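Below: one structure, written as structure tokens.
All of this is worked out from the model, or read from it or from the source named; no laboratory instrument gave them. Note: ideal-geometry Cβ built from the backbone for every residue, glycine included; neighbour counts use all protein chains shown.
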Amino acid sequence: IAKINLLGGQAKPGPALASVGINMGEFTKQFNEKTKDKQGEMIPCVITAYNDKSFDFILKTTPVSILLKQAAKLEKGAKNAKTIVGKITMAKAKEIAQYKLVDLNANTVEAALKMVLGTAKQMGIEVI
Amino acid sequence: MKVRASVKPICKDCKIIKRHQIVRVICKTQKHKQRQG
Amino acid sequence: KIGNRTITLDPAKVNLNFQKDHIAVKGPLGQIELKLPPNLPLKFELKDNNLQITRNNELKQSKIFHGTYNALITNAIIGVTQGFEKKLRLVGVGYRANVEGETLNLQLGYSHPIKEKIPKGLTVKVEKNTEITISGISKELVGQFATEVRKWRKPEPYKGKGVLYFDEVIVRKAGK
Amino acid sequence: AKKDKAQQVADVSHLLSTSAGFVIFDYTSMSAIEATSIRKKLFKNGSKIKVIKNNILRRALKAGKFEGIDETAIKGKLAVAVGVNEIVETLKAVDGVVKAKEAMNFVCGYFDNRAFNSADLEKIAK
Amino acid sequence: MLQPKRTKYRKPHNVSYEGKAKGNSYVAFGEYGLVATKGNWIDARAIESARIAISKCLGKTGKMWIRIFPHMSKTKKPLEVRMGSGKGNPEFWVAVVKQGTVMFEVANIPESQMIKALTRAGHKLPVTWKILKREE
RNA sequence: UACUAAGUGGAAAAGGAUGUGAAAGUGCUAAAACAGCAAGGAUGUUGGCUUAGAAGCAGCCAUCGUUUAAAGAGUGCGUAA
RNA sequence: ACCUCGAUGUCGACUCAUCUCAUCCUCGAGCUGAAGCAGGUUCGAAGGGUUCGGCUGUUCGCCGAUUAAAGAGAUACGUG
């Protein structure tokens, strides 16, 4: 089996939801129930490779590099790291890392800040 | 088969051997075999 | 490297005896004979339930022998104590095989029926009509018989057909 | 390097002697994603986990006042669980992990300083 | 290709290139150079081929220097004619190469890149080439 | 006294090579390496642009920060994805 | 411009050929942009064979029909 990445909310048909070992009626109802208000964002999800697809449903935090407009105060210009239009503050970065801390595989705050900054470095933006 | 005065490895798994006083190469791909030089 | 790697011995029933040319091991399934060429500087001495060997002098050929005959001796010991098996996956729409006494015969896409002779001390078993297992006392004979039977319908990448070495993975190609 | 190995000997001897209780267990054929999940579980815990060579433990275990040693690092993937307080949570974590595995393989160590079997250490962590 | 524009003479004699090299026995500008271990005669077309290979394998990151230039012009009498009747006509320009002197040099690029560039340029020359580092 | 195994010796080039002997220091090693075998080989990331499919791998950006003893917008093979 | 002018008879055709392999076919093998037929390419190989006619004196060349093919060359550009 392969990874899944589906929109948060109602999705009766999926890329593979009829031959993975689960019922779509028994899946999409709870998928939408868990993400009823969280609709309209490309949310990362994970499907288990286990043979019975036991109920261990998990969700991740909203992706970085699409929300960098709030954190670094820019309008998504050239993607190179040699051109820049703005600077990232400390308060926005701390808030976004605090929100994304549940996505990490470790319980540490400054590490979360550095991870989010390094991911945002795709734009070439660094803390001033 | 391939005949060329110079033989060098071309992939990551192109090994070189000396068989019957002739240099040769062997690989997992049939488009890499070479025997001369 | 190999050659100074100590060789274990089986003193329950298996035993060894060396000559100027004969090195014979005797175990539960027959005997294995290794006939060395004359004038070999590699010297053999065996302790109780232990075997250690070495070349007396330093030459390239001597060092080659020092590993090669160690490998052949351990191969012979493992064979005489267990006996080796070769599993052949016979894949095809109509290809099959079975045994008529001393003859191992097959059904191919060939107009002429195909048969093969079994050397002495070799056994074959057809547990299912599309697979062969060939059991023997030394890897040399079983490998020779396997490559003798393989020489008809070598596998092709366009479709898995023929005789396979049981995890000899076939690399497929574009079937158009 | 060798001087780095000596300095690591001194460092790990200091780290082991700073505490009093520690258990080494074998969790073999494991994975790295579950390992960073472990690092998430132990972050609250004051203890930690490390992977370290056989000879260094052989020369450092007799300096940290621990006895009962014949194999300090052998037979599978090797780590260390040195708990300076609240090792309970770490032991519960490792117990759940070996539940996710097939069987328990005790190596050495004790909860508070006297090498003891796992027949009761498991119940301590259960 | 690389050719002088005028000369006080139109058809000079040939030159021997026996003995050790004269001038350009050590690198000047580039970091890694290609020395020749045999004296011979090389035209400007092979120099052009080596230069284009160097540039293509180099990229717009490093620099290269050419150490020689054709200053001589031999003759080649047209085909199927009898002997005599003065000298023939020039049709190429050649630079004499003495053994033990450098031909091309490169700098400002990683070691593997420059090594492969010089090796690629070397086979285009009719002389036995050899790599060389800056003397420092 | 050493050497080559080629009948080179007893015809020859550019090029190619775990053929072989000698010399110089070179990085490691019995606090155990090389070779092989047992595992793992990760997170932001199926990030974002575009390609009705490219999402560790049509192509491109950054090509970094963290978990760690160990891991790469992944060494590549291989998937519209 | 080395041997020949005190003579060494020069193309092609006819008959008869012989030799080399850098293979035209038959033969064995590898790779494949080899599904199978039919191919392409490279290696090994000289036992045998490698067509008949129109044009032109012709080799060559063009054309027509066959076959397995209608090979490359040499022998004072084989041999008055």
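Quick one: would you say residue E:102 is part of a loop (DSSP other than H, G, I, E, B) and out of contact with any helix residue (DSSP H, G or I) (no Cβ under 6 Å at 6 or more places or on another chain)?
For residue E:102, the condition - part of a loop (DSSP other than H, G, I, E, B) and out of contact with any helix residue (DSSP H, G or I) (no Cβ under 6 Å at 6 or more places or on another chain) - is not met.
Only one of D:65, D:92, D:41 is under 28 Å from residue D:123 (Cβ atoms), charged (D, E, K, R) and within 14 Å of another protein chain (Cβ to nearest Cβ); which? It would help to see each step written out before you state the result.
Values: D:65 fails: within 14 Å of another protein chain (Cβ to nearest Cβ); D:92 fails: within 14 Å of another protein chain (Cβ to nearest Cβ).
Going through D:65, D:92, D:41 in turn, just one is under 28 Å from residue D:123 (Cβ atoms), charged (D, E, K, R) and within 14 Å of another protein chain (Cβ to nearest Cβ): D:41.
Pick from C:111, C:135: which is more than 16 Å from RNA strand G (Cβ to nearest atom), among the hydroxyl-bearing types (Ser, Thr, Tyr), more than 30 Å from residue C:42 (Cβ to Cβ) and not in a helix (DSSP H, G or I)?
Among C:111, C:135, only C:135 is more than 16 Å from RNA strand G (Cβ to nearest atom), among the hydroxyl-bearing types (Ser, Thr, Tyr), more than 30 Å from residue C:42 (Cβ to Cβ) and not in a helix (DSSP H, G or I).
Within region B:23-37, count every residue that is more than 9 Å from RNA strand F (Cβ to nearest atom) and more than 27 Å from residue C:156 (Cβ to Cβ).
Summing the residues that are more than 9 Å from RNA strand F (Cβ to nearest atom) and more than 27 Å from residue C:156 (Cβ to Cβ) in region B:23-37 gives 0.
Say we look at region C:133-176 and pick out the residues that are among the β-branched types (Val, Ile, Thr) and more than 16 Å from RNA strand F (Cβ to nearest atom); which of these is farthest from the other protein chains (Cβ to nearest Cβ)? Don't jump to the end; show me each part of the working.
Restricting attention to region C:133-176, the residues satisfying the condition of being among the β-branched types (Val, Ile, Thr) are C:133-134, C:137, C:142, C:147, C:149, C:163, C:169-171.
If we keep only those that are more than 16 Å from RNA strand F (Cβ to nearest atom) too, we end up with C:133-134, C:137, C:142, C:147, C:149, C:163.
Details: C:133: 27, C:134: 26, C:137: 30, C:142: 24, C:147: 18, C:149: 23, C:163: 19 Å.
In this case the residue turns out to be C:137.
Quick one: residue C:29 ticks every box in (1) within 20 Å of residue C:84 (Cβ to Cβ); (2) in a strand (DSSP E or B) except a single one, so which number is it?
Looking at each condition in turn, residue C:29 falls short on (2).
Residue D:19 passes all but one of (1) in contact with a strand residue (DSSP E or B) (Cβ under 8 Å, 6 or more places away or on another chain); (2) at positive phi; which number fails?
(2) is the only condition that residue D:19 fails.
Among the residues of region C:96-104, is there at least one that is β-branched (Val, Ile, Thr) and crowded, with 17+ Cβ neighbours inside 10 Å?
No, region C:96-104 contains no residue that is β-branched (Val, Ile, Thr) and crowded, with 17+ Cβ neighbours inside 10 Å.
Within chain B, how many residues are within 11 Å of RNA strand G (Cβ to nearest atom) and touching a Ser or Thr at 6+ places or on another chain (Cβ under 7 Å)?
0
Assess whether residue A:52 counts as being in a loop (DSSP other than H, G, I, E, B), without any contact (Cβ under 8 Å) to a residue 12 or more places away in the chain and either more than 16 Å from RNA strand G (Cβ to nearest atom) or of a type in the set (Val, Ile, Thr) (or both).
The answer is no for residue A:52.
Can you tell me which residue within region C:39-88, out of those that are of a type in the set (D, E, K, R) and in contact with a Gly (Cβ under 9 Å, 6 or more places away or on another chain), is farthest from residue C:161 (Cα to Cα)?
Initial filter on region C:39-88 (of a type in the set (D, E, K, R)): C:43, C:45, C:47-48, C:55, C:58, C:60, C:63, C:85-87.
From what's left, in contact with a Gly (Cβ under 9 Å, 6 or more places away or on another chain): C:55, C:63, C:85-86.
Working: C:55: 48, C:63: 43, C:85: 22, C:86: 18 Å.
So, considering only residues that are of a type in the set (D, E, K, R) and in contact with a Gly (Cβ under 9 Å, 6 or more places away or on another chain), the one farthest from residue C:161 (Cα to Cα) is C:55.
Return the only residue of D:81, D:100, D:32 being under 20 Å from residue D:11 (Cα atoms) and either within 14 Å of chain A (Cβ to nearest Cβ) or not hydroxyl-bearing (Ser, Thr, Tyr) (or both). Please lay out each step first, then the result.
On the way: D:100 fails: under 20 Å from residue D:11 (Cα atoms); D:32 fails: under 20 Å from residue D:11 (Cα atoms).
Sole residue among the options that is under 20 Å from residue D:11 (Cα atoms) and either within 14 Å of chain A (Cβ to nearest Cβ) or not hydroxyl-bearing (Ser, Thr, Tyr) (or both): D:81.
Which members of region A:76-128 meet the condition of being part of a loop (DSSP other than H, G, I, E, B), β-branched (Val, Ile, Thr) and near RNA strand F (Cβ under 6 Å from one of its atoms)?
Scanning region A:76-128 gives a single hit, A:108.
For region E:46-74, name all the residues that are farther than 24 Å from residue E:99 by Cα and outside any helix (DSSP H, G or I).
Within region E:46-74, E:59, E:60, E:61, E:62, E:63 qualify.
So which of A:43, A:47, A:22 is surrounded by 13 or more Cβ atoms within 10 Å (Cβ to Cβ), more than 30 Å from residue A:114 (Cβ to Cβ) and touching a residue at least 24 places away in the same chain (Cβ under 8 Å)? It would help to see each step written out before you state the result.
Numbers: A:43 fails: more than 30 Å from residue A:114 (Cβ to Cβ); A:47 fails: more than 30 Å from residue A:114 (Cβ to Cβ).
Exactly one of A:43, A:47, A:22 is surrounded by 13 or more Cβ atoms within 10 Å (Cβ to Cβ), more than 30 Å from residue A:114 (Cβ to Cβ) and touching a residue at least 24 places away in the same chain (Cβ under 8 Å), namely A:22.
Sort out which residues of region B:1-13 are more than 11 Å from RNA strand F (Cβ to nearest atom) and within 24 Å of residue C:170 (Cβ to Cβ), and write them in order of number. Talk me through it step by step, then tell me what you get.
Start the filter on region B:1-13 by keeping residues that are more than 11 Å from RNA strand F (Cβ to nearest atom), which leaves B:1-3, B:10.
Across region B:1-13, the qualifying residues are B:1, B:2, B:10.
Among the candidates A:115, A:90, which residue alone is within 14 Å of chain D (Cβ to nearest Cβ) and touching a residue at least 12 places away in the same chain (Cβ under 8 Å)?
None of the others qualify; the one that does is A:115.
Every residue in region A:25-40 that is part of a loop (DSSP other than H, G, I, E, B), of a type outside the set (D, E, K, R) and surrounded by 11 or more Cβ atoms within 10 Å (Cβ to Cβ), please.
Selection gives A:35, A:39.
Residue check: is residue C:130 more than 16 Å from RNA strand F (Cβ to nearest atom), out of contact with any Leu (no Cβ under 8 Å at 6 or more places or on another chain) and β-branched (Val, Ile, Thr)?
Against the criterion (more than 16 Å from RNA strand F (Cβ to nearest atom), out of contact with any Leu (no Cβ under 8 Å at 6 or more places or on another chain) and β-branched (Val, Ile, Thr)), residue C:130 does not qualify.
When you go through E:79, E:132 one by one, which is the residue that is of a type in the set (A, V, I, L, M, F, W, C) and touching a residue at least 60 places away in the same chain (Cβ under 8 Å)?
Details: E:79 fails: touching a residue at least 60 places away in the same chain (Cβ under 8 Å).
The match here is E:132.
Exactly one of these conditions fails for residue C:62: (1) touching a strand residue (DSSP E or B) at 6+ places or on another chain (Cβ under 8 Å); (2) more than 22 Å from residue C:7 (Cβ to Cβ); (3) not hydrophobic (A, V, I, L, M, F, W, C). Give me its number.
(2)
Answer yes if at least one residue in region A:68-75 is without any contact (Cβ under 8 Å) to a residue 12 or more places away in the chain and closer than 22 Å to residue A:119 by Cα, and no otherwise. Can you show your working first?
Looking only at region A:68-75, we keep the residues that are without any contact (Cβ under 8 Å) to a residue 12 or more places away in the chain, and these are A:69, A:75.
Adding the requirement that they be closer than 22 Å to residue A:119 by Cα leaves A:69, A:75.
So far as region A:68-75 goes, yes, one or more of its residues are without any contact (Cβ under 8 Å) to a residue 12 or more places away in the chain and closer than 22 Å to residue A:119 by Cα.
Residue C:90 - would you say it is more than 30 Å from residue C:129 (Cα to Cα) and outside any loop (DSSP other than H, G, I, E, B)?
no
Taking the criterion of being under 28 Å from residue C:36 (Cβ atoms) and touching an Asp or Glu at 6+ places or on another chain (Cβ under 6 Å), would at least one residue in region C:137-147 satisfy it?
Checked region C:137-147: no residue is under 28 Å from residue C:36 (Cβ atoms) and touching an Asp or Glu at 6+ places or on another chain (Cβ under 6 Å).
Here is a check on your reading of the model: is residue C:118 of a type outside the set (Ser, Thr, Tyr), in the same structural domain as residue C:30 (by CATH) and away from RNA strand G (no atom under 16 Å from the Cβ)?
Numbers: of a type outside the set (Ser, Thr, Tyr): yes; in the same structural domain as residue C:30 (by CATH): no; away from RNA strand G (no atom under 16 Å from the Cβ): yes.
No, not satisfied.
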